[PDB]
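In the entry's author numbering, the protein residues as written are 35 to 133, 136 to 428, 432 to 801.
In what follows, a single structure is set out as structure tokens and then discussed.
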Ligand SMILES: OC[C@H]1c2[nH]cnc2[C@H](O)[C@@H](O)[C@@H]1O
Ligand SMILES: [Ca+2]
Ligand SMILES: [Cl-]
Ligand SMILES: [Cl-]
Ligand SMILES: [Cl-]
Ligand SMILES: [Cl-]
Ligand SMILES: [Cl-]
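So, in structure tokens, the structure goes:
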């Protein structure tokens, strides 16, 4: 109890069954890993490990770009306790479940005997069990730290244990970490355990004894599958350390457990014999005597040196952390040791960055829960961050997935919303990613592909058009762009605009100092806008939508001028004028001013209806109230470009959207539904109209807030938090979807868009 857990921590009971869980609302197959989830461990680009609220290591994102949900049962903390003057102690795995293998271990950690807490990047378990006299807690984390691109990359996790004797008898206590040697868990085509072997490192520095297990393979190949895992522990005063190098994971486990269940002391048996077919594992234990009212603290850690990521198109790359530890895959212990000797400083750095928000008492706790915990996705979103192609440079390219069902890196129409944490907290990455986009503006690929929607054929990448994405983990990230094919992004009317807007946002949100960034991207920017002007068929100064989904709402058709694409256009034209003034490009300034003036008038005349802006000029659903109708004006605010539309009209539109899209949709308890009829019935023109998009809502909430509709902002955002985290929601913690319908069922779990919540902190 007496450990420093913040009140805004999301919490749930260990072993809790959740009764209202959502499921996918589409016909085609889609990922549904259940609600047994937790906050990820692991750095940016290191690959991540999802340890759930029940205690299992179950959501593996170690193969970069893939999601594999499966509990590796030998991966556990276990405990032994014995009250002085009792015949027998007891031993228990801290896992609220059971396996096949390991039948001798003590499974099924009981209900109503502990809690899980999460405030990303930290999570905690507390163990308050009728049969466990000594109270235990653990704080686990990886050093995810804004404006630090070093520790933030590390494939490491720390588990700081606290143990308290409230009783009046002396108790002997042990805490054991077990890990399977997971070399060959993926990337290995034959003989998945063969050549795996475990060794014990005893590092005996003055005041810093470490005992570690290094679990690897005898091969020195340089393959995605090869590397080391390490688990270990730092000696503190009053604890003894014991270990077991090699127990069989594809066995009953009694080789390990009979010695731990006796007195909580392992055999200290080293054995480097490689295995052939049997799965193997290691065990690191502490044992201590706790006197009445005594507290002891002890840190364990877990590293993983898997230096190569491979994508399905053939390319192999080094992971970013290899810059600081090496590339040979023999460095797990160096990574473990750095963590064991520096974790206290890392806790403080995490504290130093969370404090400004946590200590602001004008903000409710639920909003802090959502803001920090939504950050999980930055590590867990199949994040790729390279330090050289294998057998190959200034930069380190970066990609974040849109999601796993739609396995696209950096989908631009989505990162327009989802990119806020990177511009605000890791701006050097954000500027790297946007240079990656600038570099593709004039790539041509005349090779043709089949459009999944209408069936027709189209060119892959047209010169002057911004790509929808920078490839797929199943193909070739950064090299082969436009992996997406359900529509043709080369005629989308939003991407070029959002591109320009993202450029100027990244200038503006990093202090308006970085002229070199504007200089590098300037030509891509002029090109993008010049190309989109060519799509103005009817000569009103605004690109026309073509009676098809030619924008991010990729089944929802727009025709003529639309509020969404049209507002983005005007804002983009305004940003360009500004960049043009900054760089002293008189003719850009003059031209983009002229186009903006004409487009502005005409947007107004075509679309303003007295109450809101019409969805578009030409659809059968033209008079629908769209949640995202003024997305250009939202970005203009963040960009400090002023009114692109009249203040009074923007206020009316927002008020209307709140009144209709939020309030008339399940009593405003679930976010902003995308499309509503002026009669107050949800628009049925497409499935996307009947969906709430979590990131459109959080962005809309931020817009509301900058415009002083503070109560409407937080009420609108609340529905998203509620659905995601709350007992009355749908069980989407650490897998926030793109969307849900009125019944609360979902589409596309683990989704980038909801990172838009950070726009609320601008
Ligand atoms: O949920 C809509 C998104 C989606 N759905 C299926 N594919 C995609 C695209 O990658 C993205 O551009 C769309 O906005
Ligand atoms: Ca037009
Ligand atoms: Cl479907
Ligand atoms: Cl003490
Ligand atoms: Cl390669
Ligand atoms: Cl509160
Ligand atoms: Cl896909």
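Beta carbons are placed, not taken as given, at the ideal position from N, Cα and C, and that holds for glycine.
So residue 733 packs on residue 710, CB below 8 angstroms; how close in whole Å? On the chain shown, residue 733 is found 694 positions in, with the first residue counted as 1. On the chain shown, residue 710 is found 671 positions in, with the first residue counted as 1. Confirmed, Cβ separation roughly 7 angstroms.
At the level of alpha carbons, what is the spacing between residue 667 and residue 578? In the chain shown, counting from the first residue as 1, residue 667 sits at position 628. In the chain shown, counting from the first residue as 1, residue 578 sits at position 539. If you take the alpha carbons of residue 667 and residue 578, they lie about 25 angstroms apart.
Can you list, in chain order, every residue whose CB sits closer than 5 angstroms to a heavy atom of ligand 3? Going by the Cβ distance cut-off, the answer is 60, 61.
Determine the DSSP secondary structure at residue 97, reduced to helix, strand or coil. Within the chain shown, numbered from 1, the residue matching residue 97 stands at position 63. Of the three classes helix, strand and coil, the one that applies to residue 97 here is coil, per DSSP.
Spatial neighbours of residue 367 in its chain, beta-carbon cut-off 6 angstroms, leaving aside the 5 residues before and after: Walking along the chain shown from the start, residue 367 turns up at place 331. Closer than 6 angstroms at the Cβ level, and outside the excluded window around residue 367, lie 341, 361.
Pocket of ligand 2 defined by Cβ to heavy atom distance under 5 angstroms: Those residues that bring their Cβ nearer than 5 angstroms to a heavy atom of ligand 2 are 575, 577, 579, 581, 583.
Any heavy atom of ligand 5 closer than 7 angstroms to the CB of residue 363? Residue mapping note: residue 363 aligns to position 327 of the chain shown, counting from 1. Placement of the Cβ of residue 363 at a distance of 7 angstroms or more from every heavy atom of ligand 5 is found.
Are residue 462 and residue 548 touching if we call contact CB-CB under 8 angstroms? For the purposes of this step, residue 462 is identified with residue 423 of the chain shown, where counting begins at 1. For the purposes of this step, residue 548 is identified with residue 509 of the chain shown, where counting begins at 1. Residue 548 is positioned such that its CB atom lies closer than 8 angstroms to that of residue 462.
Rounded to whole angstroms, how far is the Cβ of residue 45 from the Cβ of residue 151, which I believe are closer than 8 angstroms? One-based indexing of the chain shown puts residue 45 at position 11. One-based indexing of the chain shown puts residue 151 at position 115. Contact flag correct, Cβ pair sits at about 6 angstroms.
Between the Cα of residue 171 and those of 147, 183, 160, 201, spot the shortest distance and give me the residue it belongs to. Along the chain shown, one-based indexing puts residue 171 at 135. For the residues 147, 183, 160, 201, the minimum Cα distance to residue 171 belongs to 201.
Exposed or buried, which one is residue 432 when buried takes at least 16 other CB atoms within 10 Å? In the chain shown, residue 432 corresponds to position 393, counting from 1. Residue 432 should be labelled exposed.
Can you tell which of 208, 283, 247 has its C-alpha closest to the C-alpha of residue 338? Reading the chain shown from its first residue, position 302 is the one you call residue 338. Ranking 208, 283, 247 by CA distance to the CA of residue 338 puts 247 first.
Return helix, strand or coil for residue 523, following the three-state DSSP convention. Within the chain shown, residue 523 is the residue found at index 484, counting from 1. In this structure, residue 523 counts as coil in the three-state DSSP scheme.
Is residue 381 a contact residue of ligand 5, with contact defined as CB to any heavy atom under 7 angstroms? As a first step, residue 381 is located in the chain shown; it is residue number 345 there, counting from the start. No.
Below 8 angstroms, can you find three or more Cβ-Cβ pairs linking the stretch 311 to 325 to the stretch 70 to 84? Contact between the stretch 311 to 325 and the stretch 70 to 84 is absent: fewer than three C-beta pairs spanning the two stretches fall below 8 angstroms.
Where do the ends of the beta strand (DSSP E) carrying residue 614 lie? Taking the chain shown and counting its residues from 1, one reaches residue 614 at position 575. Counted as a single uninterrupted DSSP element, the stretch harbouring residue 614 is not any beta strand (DSSP E) but the alpha helix (DSSP H) occupying residues 602 to 622.
Please tell me whether, using a cut-off of 7 angstroms, the distance from the CB of residue 445 to the nearest non-hydrogen atom of ligand 1 is below it. Locating residue 445 in the chain shown gives position 406, counting from the first residue. Yes, the beta carbon of residue 445 sits closer than 7 angstroms to at least one heavy atom of ligand 1.
State the Cα-Cα distance for the pair residue 585 and residue 792, rounded to the nearest angstrom. Taking the chain shown and counting its residues from 1, one reaches residue 585 at position 546. Taking the chain shown and counting its residues from 1, one reaches residue 792 at position 753. Residue 792 has its alpha-carbon roughly 25 angstroms from the corresponding atom of residue 585.
State the start and end residues of the unbroken alpha helix (DSSP H) segment that holds residue 677. Here residue 677 is taken as the residue at index 638 of the chain shown, counted from 1. 670 to 678 is the extent of the alpha helix (DSSP H) around residue 677.
Comparing C-alpha positions only, which one of 478, 49, 459, 236 sits nearest to residue 556? Taking the first residue of the chain shown as position 1, residue 556 is located at position 517. Answer by Cα proximity: 478.
Shortest alpha-carbon distance to residue 76 belongs to which of 757, 699, 417? Counted from its first residue, the chain shown places residue 76 at position 42. Nearest of 757, 699, 417 to residue 76, Cα basis: 417.
Looking only at C-alpha atoms, which of 653, 611, 180 sits nearest to residue 384? Along the chain shown, read from residue 1 onward, the residue named residue 384 stands at position 348. Taking each of 653, 611, 180 in turn and checking the Cα distance to residue 384, the smallest one comes out for 180.
Less than 8 angstroms between the beta carbons of residue 264 and residue 365, yes or no? Here residue 264 corresponds to residue number 228 of the chain shown, with the count starting at 1. Here residue 365 corresponds to residue number 329 of the chain shown, with the count starting at 1. Contact flag set, yes.
Which runs of the alpha helix (DSSP H) fall wholly inside the stretch 723 to 760 and span at least 4 residues, in chain order? Runs of alpha helix (DSSP H) with 4 or more residues, each lying fully within the stretch 723 to 760, are found at 733 to 745, listed in chain order.
I'd like to know whether the C-beta atoms of residue 189 and residue 354 end up nearer to each other than 8 angstroms. What you label residue 189 is simply residue 153 of the chain shown in a count that begins at 1. What you label residue 354 is simply residue 318 of the chain shown in a count that begins at 1. No, the pair does not count as a contact, with Cβ atoms beyond the cut-off.
Measuring straight from C-alpha to C-alpha, what distance separates residue 423 and residue 235? Locating residue 423 in the chain shown gives position 387, counting from the first residue. Locating residue 235 in the chain shown gives position 199, counting from the first residue. Here the alpha carbons of residue 235 and residue 423 stand approximately 28 angstroms from one another.
Alpha-carbon to alpha-carbon, residue 238 and residue 140: In the chain shown, residue 140 corresponds to position 104, counting from 1. In the chain shown, residue 238 corresponds to position 202, counting from 1. Approximately 29 angstroms, taken between the alpha carbons.
Hey, would you say the C-beta of residue 331 is under 7 angstroms away from at least one heavy atom of ligand 4? Your numbering for residue 331 matches position 295 in the chain shown. Yes - ligand 4 has a heavy atom lying nearer than 7 angstroms to the Cβ of residue 331.
Taking 7 angstroms as the limit between beta carbons, can you name the residues of its chain near residue 546, skipping five residues before and five after? Counting from one through the chain shown, the residue named residue 546 turns up at place 507. Correct list, in chain order: 553, 556, 557.
Quick one: what does DSSP say residue 773 is sitting in, helix, strand or coil? Along the chain shown, read from residue 1 onward, the residue named residue 773 stands at position 734. DSSP places residue 773 in coil when its eight states are reduced to three.
Alpha-carbon to alpha-carbon, residue 175 and residue 74: One-based indexing of the chain shown puts residue 74 at position 40. One-based indexing of the chain shown puts residue 175 at position 139. C-alpha separation (whole angstroms): 13 angstroms.
Assess, as a yes-or-no matter, whether the stretch 680 to 693 is touched by the stretch 717 to 730 under the definition of 3 or more beta carbon pairs within less than 8 angstroms. Contact fails: fewer than three Cβ-Cβ distances are below 8 angstroms.
Beta strand (DSSP E) containing residue 469: first to last residue? In the chain shown, residue 469 corresponds to position 430, counting from 1. Counting along the chain, residue 469 falls outside any beta strand (DSSP E), though it belongs to the alpha helix (DSSP H) covering 466 to 478.
Report the rounded CA-to-CA distance for residue 351 versus residue 444, giving the unit in angstroms. For the purposes of this step, residue 351 is taken as the residue at position 315 of the chain shown. For the purposes of this step, residue 444 is taken as the residue at position 405 of the chain shown. Approximately 21 angstroms, taken between the alpha carbons.
Report yes if the CB atom of residue 455 is closer than 8 angstroms to the CB atom of residue 541, and no otherwise. Start at 1 with the first residue of the chain shown, and residue 455 comes out as number 416. Start at 1 with the first residue of the chain shown, and residue 541 comes out as number 502. Yes.
Can you find a heavy atom of ligand 7 that lies under 7 angstroms from the Cβ of residue 511? Position 472 of the chain shown, counted from the start, is the residue given in the question as residue 511. Correct: residue 511 has its Cβ closer than 7 angstroms to ligand 7.
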